[PDB]
Amino acid sequence: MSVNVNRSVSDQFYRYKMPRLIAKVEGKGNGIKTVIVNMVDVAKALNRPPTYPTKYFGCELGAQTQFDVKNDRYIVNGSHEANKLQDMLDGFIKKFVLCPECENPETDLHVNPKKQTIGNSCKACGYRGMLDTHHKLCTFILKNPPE
RNA sequence: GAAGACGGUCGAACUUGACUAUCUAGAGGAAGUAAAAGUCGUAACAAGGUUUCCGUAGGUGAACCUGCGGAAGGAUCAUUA
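Each value, and the rule that gives it
- Residues numbered from 1 in each chain as written, not as in the entry; some residues may be left out.
- Chains lettered and ligands numbered in written order.
- Part of a larger assembly, values for the part shown.
- Heavy atoms only, no water.
- Helix = DSSP H or I, 4+ residues; strand = E, 2+ residues; numbered from the N terminus.
- Rg over C-alpha atoms; globule rule 2.2 N^0.38 Å.
- Buried < 20%, exposed > 50% of the residue type's maximum accessible area, 1.4 Å probe, protein only.
- Near = heavy atom within 4 Å.
- Polar contact = N/O pair within 3.5 Å; in protein donor to acceptor, adjacent residues only side chain to side chain.
- Nonpolar A, V, L, I, M, F, W, Y, C, P; charged D, E, K, R; others polar.
- Salt bridge = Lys/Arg side-chain N within 4 Å of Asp/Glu carboxyl O.
- Pairing = 2+ DSSP bridges.

Structure determination for the deposited model, as stated in its record, used cryo-EM, and the stated resolution is 2.9 Å.

See the structure below:
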């Protein structure tokens, strides 16, 4: 299987396409993990560091997240099988990088970590601005600027 | 001595701009209370495993942590030339 990057658009010819995201449920009750297997390839296909899309699930779900250089596992704590992610797999696009003028997420970020500001720019119609101040992930991005 | 006309004086109503009082519709946003077999933790109650609480300021998935100055409603009404 393969998919469009976002399912709010039903078009077969939509500009954005990527591999599936698949995960393992591991352990037993009071200590369950969900580990995301494709995360480095999905982060490469979306042109972002793999910390940002992993951190967004913990911000929405109300859950802990882990990262590890010794084992390369990316983890969201608790059981999040099937619909518990797959109803909202669009979200890292749908709550950040859709343009309000047109539904075309051909979109870039630049971080000014010395001055508490994240700049945003979409190629599709020239839409520019910043990320939202009520939204969760802004406090993580300013402490973790892009490569 | 009839119709009619100039001038005053009451003043309904009409046009135009502004102010204002009630009721009423709405993209989208952000909160509160019912219900008690959803999810991730374990902040408070026994020294609750870092005593707790107040004012103010900064910081984070969340409960919350840290700096400065107070309170006991404390876990001491007491410590010896």
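So much for the structure itself; the text now carries on.
Attention now moves to the overall build of chain A. When helices and strands are counted, chain A shows 5 helices and 9 strands. Listing every helix and strand of chain A by position from the N terminus yields β-β-β-β-α-α-β-β-α-α-β-β-β-α. Against the compact-globule benchmark of 15 Å for 147 residues, chain A has a radius of gyration of 16 Å, which places it among compact chains. C-alpha extents for chain A along the principal axes are approximately 50 × 40 × 25 Å. Across the 147 residues of chain A, 33% fall into the buried class.

Let us look at helix α2 (residues 51-61). Listing the buried residues of α2 in full gives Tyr52, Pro53, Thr54, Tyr56, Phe57 and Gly58. With its phi angle positive at about 65°, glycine 62 sits one or two positions after the end of α2.

Looking now at the protein's contact with RNA strand B. Every residue lining RNA strand B is accounted for by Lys55, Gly62, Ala63, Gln64, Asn77, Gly78, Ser79, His134 and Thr139. Expressed as a percentage, the sugar and phosphate content of the atoms of RNA strand B within 4 Å of the protein is 67%. A distance of 2.8 Å separates a phosphate oxygen of RNA strand B from a polar atom in the side chain of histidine 134. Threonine 139 places a polar side-chain atom, nitrogen or oxygen, 2.6 Å from a phosphate oxygen of RNA strand B. Tallied by class, residues from the surface near RNA strand B come to 1 nonpolar, 7 polar and 1 charged.

Across all of its chains, the model carries 5 salt bridges by this definition. For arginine 15, the salt bridge identified is with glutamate 106, shortest N-O distance 2.8 Å. Of the two residues, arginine 15 sits in the loop between β1 (2-4) and β2 (17-19) while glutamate 106 sits in the loop between α4 (91-94) and β7 (107-112), which places them 91 residues apart along the sequence. Linking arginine 73 and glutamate 26 is a salt bridge whose minimum nitrogen-to-oxygen distance equals 2.7 Å. Remark: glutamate 26 occurs in strand β3 (residues 23-26) and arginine 73 occurs in the loop between β5 (65-67) and β6 (74-77); sequence separation between them is 47 residues. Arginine 73 sits in the partly exposed class, given a relative accessible area of 37%. Taking relative accessible area as the criterion, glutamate 26 reaches 24% and is therefore assigned partly exposed.

A few words now on the pairing of β3. Here 4 bridges tie β3 to strand β4 (residues 33-36), and the two strands are oriented antiparallel to one another. Among the inter-strand pairings, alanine 23 is bridged to a residue of β4, identified as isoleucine 36. Count of turn residues in the β3/β4 antiparallel hairpin: 6 residues, of which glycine 27 carries a positive phi of about 80°.

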